[PDB]
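*Asks:*
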Amino acid sequence: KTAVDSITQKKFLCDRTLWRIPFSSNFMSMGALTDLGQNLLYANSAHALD
Amino acid sequence: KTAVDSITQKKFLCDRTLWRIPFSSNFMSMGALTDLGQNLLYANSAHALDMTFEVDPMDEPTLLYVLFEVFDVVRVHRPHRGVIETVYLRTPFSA
Amino acid sequence: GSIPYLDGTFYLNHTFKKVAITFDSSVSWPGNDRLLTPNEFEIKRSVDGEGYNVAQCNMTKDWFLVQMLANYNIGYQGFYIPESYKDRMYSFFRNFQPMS
Amino acid sequence: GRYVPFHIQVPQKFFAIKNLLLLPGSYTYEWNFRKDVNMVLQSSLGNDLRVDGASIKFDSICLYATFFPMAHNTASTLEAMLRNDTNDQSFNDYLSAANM
Amino acid sequence: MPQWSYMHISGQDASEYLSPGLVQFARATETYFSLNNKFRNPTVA
Amino acid sequence: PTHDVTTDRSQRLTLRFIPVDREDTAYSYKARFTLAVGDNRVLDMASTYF
């Protein structure tokens, strides 16, 4: 009856794992050599990353 | 040593399950459309049904939940971009 | 103590907010208007009102989707509980602990 | 807390729609929802929540769907093939029974 | 029966009633865009 | 495969929809979504959720 007004705190834990961004067009494990790993733009030019 | 004379009481519990009586001659799952299900006597004929259940008495009302296993199928046709027609079939017991 | 670089006991994964990937000067990845934030992967958001969080925590749908596609390739045919043999000790879901 | 501003994710459960592959077009998706606390909520003691003070007010609702990033020629050949009469889609219920 | 077959309850195999090009396409794209669940396989005693 | 599967063309992997019309009674509420499935947009309905 006497309950104080409250806020909600949401969270999570995630131990033992690495965050992954696989380098593929549709983010699928279709082959060990990704489809993106083979396209011409990355293969026939040099590119810097930021 | 001082033990009285005794009688024995037996019972069992069975929570979460549904009791099942499949429509098969030997009662095996050998496929979903059953052999009694393919036979010609049953197929072209009409039949009425009368089942009689015995259950234990309760001190407030209860309900007997009977699931009649039937086929409940749907065919889906999409003829042109944005149009959709659907054909529903439930047999036995068609609406 | 335990040595995470060698033995794999990572635990500060939660302390990331969002990631931005940029090839050369302004060449975005994955880009081509693939995500609601197209140029940046937003991991977490303090009190969403736009409906971008998921699973009763403050992690986003897009990120959750990504992690399920990377770890188990589940995404496209919908979310379900990953197979027990695939979902190993170092795998994401196995270690996911939502709290409120 | 008794006071909870919540967020919840709910799927489609009806067998035909939930195994469907939806081809290009515009289509209406409309549903009807329950607000009755004795139905939508569950308590350990089964007491009447309408009378003993639980309540729910739904601020807002959002809808989400995941898409394949397919090649247009393939996409055209795959739409074409499923619009043909011999190639109609077929479904059935897992429980498949009439309830009494 | 005829109309069971029309509705595929008593029908033929799924690979056999779909267009071949489409079967062939489904068999290539299965592992990464599953199409088996879309179409009935009726088991018959 | 580096062809005949994926695209590099513009489009969203996942769409967010907000109701066109909502009507509410004292016990119940119906919501309207208009699903606009675009040119070459391939959608498996198993992935749908409110």
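Protein chains in written order, with PDB author numbering: chain A, 852 to 901; chain B, 852 to 946; chain C, 702 to 801; chain D, 552 to 651; chain E, 6 to 50; chain F, 51 to 100.
Ideal Cβ positions, reconstructed from N, Cα and C, are used throughout, including at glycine.
For the alpha helix (DSSP H) that contains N589(D), what are its first and last residues?
*Replies:* The residue given as residue 589(D) occupies position 38 in the fourth sequence. 588 to 591 is the span of the alpha helix (DSSP H), which, as asked, contains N589(D).
*Asks:* Just reading off the alpha helix (DSSP H) that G576(D) is part of, what are its end residues?
*Replies:* Along the fourth sequence, one-based indexing puts residue 576(D) at 25. Counting along the chain, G576(D) falls outside any alpha helix (DSSP H), though it belongs to the beta strand (DSSP E) covering 576 to 585.
*Asks:* Answer yes or no: do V720(C) and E741(C) have a C-beta to C-beta separation smaller than 8 Å?
*Replies:* The residue given as residue 720(C) occupies position 19 in the third sequence. The residue given as residue 741(C) occupies position 40 in the third sequence. It is a contact, given that the beta carbons lie within the stated cut-off.
*Asks:* Tell me which residues share the same chain as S801(C) and place their Cβ nearer than 7 Å to its Cβ, disregarding the 5 neighbours each side in the sequence.
*Replies:* For the purposes of this step, residue 801(C) is taken as residue 100 along the third sequence, with counting starting at 1. Contacts found: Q757.
*Asks:* Report yes if the C-beta distance between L737(C) and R66(F) is below 8 Å; otherwise report no.
*Replies:* Residue 737(C) sits at position 36 when you count from the first residue of the third sequence. Residue 66(F) sits at position 16 when you count from the first residue of the sixth sequence. Yes, the pair counts as a contact, with Cβ atoms nearer than the cut-off.
*Asks:* Which residue marks the beginning of the beta strand (DSSP E) containing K719(C), and which one marks its end?
*Replies:* In the third sequence, counting from the first residue as 1, residue 719(C) sits at position 18. Residues 719 to 721.
*Asks:* Per DSSP, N650(D) is paired with what?
*Replies:* Locating residue 650(D) in the fourth sequence gives position 99, where the first residue counts as 1. Partner(s): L918(B).
*Asks:* Please state whether the Cβ-Cβ distance between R926(B) and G576(D) is less than 8 Å.
*Replies:* Locating residue 926(B) in the second sequence gives position 75, counting from the first residue. Locating residue 576(D) in the fourth sequence gives position 25, counting from the first residue. For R926(B) and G576(D), no; Cβs fall outside 8 Å.
*Asks:* With 8 Å as the threshold, decide whether the Cβ of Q560(D) is near any Cβ in chain F.
*Replies:* Counting from 1 along the fourth sequence, the entry for residue 560(D) is found at position 9. Yes, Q560(D) counts as interfacial toward chain F.
*Asks:* Per DSSP, what kind of secondary structure is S729(C) in: helix, strand or coil?
*Replies:* Here residue 729(C) refers to the residue found at position 28 of the third sequence. Note: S729(C) maps to strand in three-state DSSP.
*Asks:* Which residues does DSSP list as the beta-bridge partners of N754(C)?
*Replies:* Residue numbering aside, residue 754(C) sits at position 53 when the third sequence is read from its first letter. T761(C), per the DSSP bridge assignment.
*Asks:* For the pair the segment 621 to 641 of chain D and the segment 17 to 34 of chain E, tell me if three or more CB-CB distances fall below 8 Å.
*Replies:* Touching, per the Cβ criterion.
*Asks:* Could you check whether the Cβ of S577(D) sits closer than 8 Å to any Cβ belonging to chain F?
*Replies:* For this step, residue 577(D) is matched to residue 26 along the fourth sequence. Closer than 8 Å: yes.
*Asks:* Please list, in chain order, all residues of the same chain as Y777(C) whose beta carbon is under 7 Å from its beta carbon, the five residues on each side excluded.
*Replies:* Position 76 of the third sequence, counted from the start, is the residue given in the question as residue 777(C). Once the five neighbours on either side are set aside, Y777(C) has no close Cβ partner at all.
*Asks:* Exposed or buried, which one is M760(C) when buried takes at least 16 other CB atoms within 10 Å?
*Replies:* Locating residue 760(C) in the third sequence gives position 59, where the first residue counts as 1. Flag for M760(C) reads buried.
*Asks:* For a quick check, are the C-beta atoms of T56(F) and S880(A) less than 8 Å apart?
*Replies:* Sequence index remark: in the sixth sequence, residue 56(F) carries index 6 (1-based). Sequence index remark: in the first sequence, residue 880(A) carries index 29 (1-based). No, the pair does not count as a contact, with Cβ atoms beyond the cut-off.
*Asks:* Is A946(B) buried or exposed, if buried means 16 or more other CB atoms sit within 10 Å of its CB?
*Replies:* Along the second sequence, one-based indexing puts residue 946(B) at 95. Counting Cβ neighbours within 10 Å, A946(B) comes out exposed, since fewer than 16 surround it.
*Asks:* Taking 8 Å as the threshold (beta carbon to beta carbon), is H928(B) in contact with chain D?
*Replies:* Within the second sequence, residue 928(B) is the residue found at index 77, counting from 1. Output row for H928(B): interface = yes.
*Asks:* Just mark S594(D) as buried or exposed, buried being the case when its beta carbon has 16 or more other beta carbons within 10 Å.
*Replies:* Locating residue 594(D) in the fourth sequence gives position 43, counting from the first residue. Exposed.
*Asks:* Would you report the Cα separation of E21(E) and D644(D), rounded to the nearest angstrom?
*Replies:* Mapped onto the fifth sequence, residue 21(E) falls at position 16. Mapped onto the fourth sequence, residue 644(D) falls at position 93. Their backbone Cα atoms lie some 23 Å apart in a straight line.
*Asks:* Report the residue from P739(C), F793(C), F711(C), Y773(C) whose alpha carbon sits nearest the alpha carbon of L63(F).
*Replies:* For the purposes of this step, residue 63(F) is taken as residue 13 along the sixth sequence, with counting starting at 1. Nearest of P739(C), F793(C), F711(C), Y773(C) to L63(F), Cα basis: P739(C).
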